[PDB]
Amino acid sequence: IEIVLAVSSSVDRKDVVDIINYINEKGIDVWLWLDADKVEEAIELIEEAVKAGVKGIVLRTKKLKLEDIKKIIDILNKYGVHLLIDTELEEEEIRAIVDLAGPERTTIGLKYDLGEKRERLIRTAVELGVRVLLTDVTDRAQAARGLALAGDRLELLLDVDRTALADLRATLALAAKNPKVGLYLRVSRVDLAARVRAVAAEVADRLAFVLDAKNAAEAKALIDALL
């Protein structure tokens, strides 16, 4: 499996390092999903994560515009940072960023809870070949619609603790049937995180688990539940 650490740029750099160290000590790939809340501290986290041995880094662009990314593109490239655009910007700006970094280093990210605005971004991303991540997914109907609109550019962030058993099994089955689809399992509850592992091994299954790094101790026990 792979573990993704979703953090803000202001997260204490120490705790992420021990969690990255802990995950690597078990021989497991660890990725960083970084919110670019403040650019200078994001770069400091990027360098620290790289030195701790992170497998890869995705930067959530947040309020950073094209001009902000231009000033750090050399840093992003040297550290191999994948860009995740938050879809609060217009198609002119998204296309500008996609042109700047390349389609294969850029992902469109939006909560499924959006209406027609969700569908407008999927078509543009599909045309551009950019992967599109739908977050806060809880029902099989949402995943099936995302697969319909986005095809093999689809990525799903599944909210495990808010997903019923039937939807969890169906969404896992959809991922297994469509292996190019990226499935990410956001977990906090230990019992429910271990539950997905048991269900996935019967229905599917690599598994990517998204964890918060707010407290180091709960992260370790959460990591141990996923083994």
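Residue numbers run from 1 along the displayed sequence.
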Task: Length class of the unmodelled deposited segment, which would lie between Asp205 and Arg206 - done: 1 to 3
Task: Selected stretch [higher average CA B-factor]: 139 to 147 or 106 to 114 - done: 106 to 114
- [ ] Look over 150 to 158 and 86 to 94 in the entry and identify the one with the greater average Cα temperature factor.
- [x] 86 to 94
Open item on the list: For the CA B factor values reported in this entry, which option in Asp167, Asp191, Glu67, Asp35 has the top one?
Closed with: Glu67
TODO: Please pick out which of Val81, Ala101, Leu133, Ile122 has the largest Cα B-factor as recorded in the entry.
DONE: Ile122
- [ ] Could you tell me which third, lowest, middle or highest, the C-alpha B-factor of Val181 occupies within its chain?
- [x] lowest
- [ ] Please place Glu48 in the lowest, middle or highest third of its chain by C-alpha B factor as given in the entry.
- [x] highest
TODO: Using the B-factor values recorded in the entry, state whether the Cα atom of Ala200 falls in the lowest, middle or highest third among the modelled residues of its chain.
DONE: middle
- [ ] Can you work out whether the C-alpha temperature factor of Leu222 puts it in the lowest, middle or highest third of the chain?
- [x] middle
Open item on the list: Using only modelled residues of the chain, where does the Cα B factor of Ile57 rank: lowest third, middle third or highest third?
Closed with: lowest
